[PDB]
Each structure stands twice: as C-alpha cells, then as structure tokens.
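In this analysis, Cβ positions are derived from the backbone assuming ideal geometry, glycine residues included, and neighbour counts consider all displayed protein chains. FYI, it's all coordinate maths here, none of it is from the lab.
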Amino acid sequence: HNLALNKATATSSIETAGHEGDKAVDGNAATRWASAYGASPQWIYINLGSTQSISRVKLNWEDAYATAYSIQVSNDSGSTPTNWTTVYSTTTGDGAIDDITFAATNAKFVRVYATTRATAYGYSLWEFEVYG
Ligand SMILES: N[C@@H]1[C@@H](O)[C@H](O[C@@H]2O[C@H](CO)[C@@H](O[C@@H]3O[C@H](CO)[C@@H](O)[C@H](O)[C@H]3N)[C@H](O)[C@H]2N)[C@@H](CO)O[C@H]1O
C-alpha cells in the first residue's frame, strides 16, 4: 500500500506546467515531476497527512536522475515542514528504479533531496512511493 498516493506535495521548483510534484504521486508511470534545470539541489516532499511508520521508498526516475540524494523525514506539526532528518543517502545512484529500505520510523512528511545530477538537466521522478 503506497502511502504517498495522491497526497499533497511541495517542490523546490518545476520545469513547466504539467511537471508539478503531484505528478510523482499519481500512480501513473507516464507522468512525472521535473525540477528546474541546473546545479542547485532540488527536492520534493509529500505530506502523508498523519504520522505513519515507514520503512521503504521506491523511486522511479526519469532519465534526469540523481546520482546523489537523500531520503529525509519530518515529524513537524502543521503543513509546512522545516526540520528534516536523513534516513538514507547515496552517492552512487544509478537511476531507473531505486528501491530503498531503512529503519522503520514515524514520519509525517518524506522528502527526496537531490544533490548531484546524472545529466545536465534537472531531476525528474515518474513516481515517488512510500511504504510502511
Ligand atoms: N539544442 C536542442 C536540444 O536542446 C534538443 O534536445 C532536447 O532538449 C530537450 C529540452 O532540454 C530535452 O528534454 C529534457 O530531457 C530531460 C531528460 O530526458 C528531461 O528530464 C526534461 O524534462 C526534458 N525537458 C530533450 O531530451 C532533448 N531531445 C533537440 C531537439 O529539439 O534540438 C537540439 O539541438
């Protein structure tokens, strides 16, 4: 059960209309979030809507994937998280599907914080799935 499905999202940026964060959590492999281009970090987070115990994230990257990124959680109250905790990071991402597991943790928000690009574009996810 994908706890991210159709939850509210926010992003650091978007490439164009139609590439919003909601596109990464629609369960559709043919729609994607895509960030602005360039060498800045970028990110997408999901408001899970309630505290959930999570242990697994599945990323389905488009060709503009991150070689370096972290998965982070927040347990802030409200709808605007500001404190993040890294639960997993890599510097050797290889794109396509990334199936990530980590110690189960409470989380109200989950963020992909992407820091090194595989390409000279931005970063883009067809899907960002979250599992207990
Ligand atoms: N100089 C143009 C060249 O830019 C163009 O190639 C296309 O450029 C597209 C716009 O950057 C690029 O689309 C991005 O692709 C990445 C990676 O797949 C995605 O994450 C972005 O969302 C896309 N906007 C295309 O890949 C690329 N074909 C070419 C064709 O118009 O004309 C060149 O000479």
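Points worth noting:
- Among the residues listed as 18, 78, the single one being free of Cβ contacts under 8 Å to residues at least 24 places away in the same chain and within 16 Å of the ligand (Cβ to nearest atom): 18
- Filter result for residue 87 (free of Cβ contacts under 8 Å to residues at least 60 places away in the same chain, more than 16 Å from the ligand (Cβ to nearest atom) and within 11 Å of the chain's Cα centre (by Cα)): no
- Restricting attention to segment 101-132 and to residues that are hydrophobic (A, V, I, L, M, F, W, C) and over 23 Å from residue 76 (Cα atoms), the residue that is surrounded by the most Cβ atoms within 10 Å (Cβ to Cβ) turns out to be 125.
- Evaluation of residue 39 against the conditions (1) surrounded by 17 or more Cβ atoms within 10 Å (Cβ to Cβ); (2) of a type outside the set (D, E, K, R); (3) under 18 Å from residue 116 (Cβ atoms) shows that the sole unmet condition is (1).
- Segment 21-39, subset among the polar types (S, T, N, Q) and within 15 Å of the ligand (Cβ to nearest atom), residue nearest to residue 58 (Cα to Cα): 31
- Test result for residue 50, surrounded by 14 or more Cβ atoms within 10 Å (Cβ to Cβ) and either touching a residue at least 24 places away in the same chain (Cβ under 8 Å) or away from the ligand (no atom under 16 Å from the Cβ) (or both): no
- Count - residues of segment 99-132 that are in a strand (DSSP E or B) and away from the ligand (no atom under 16 Å from the Cβ): 18
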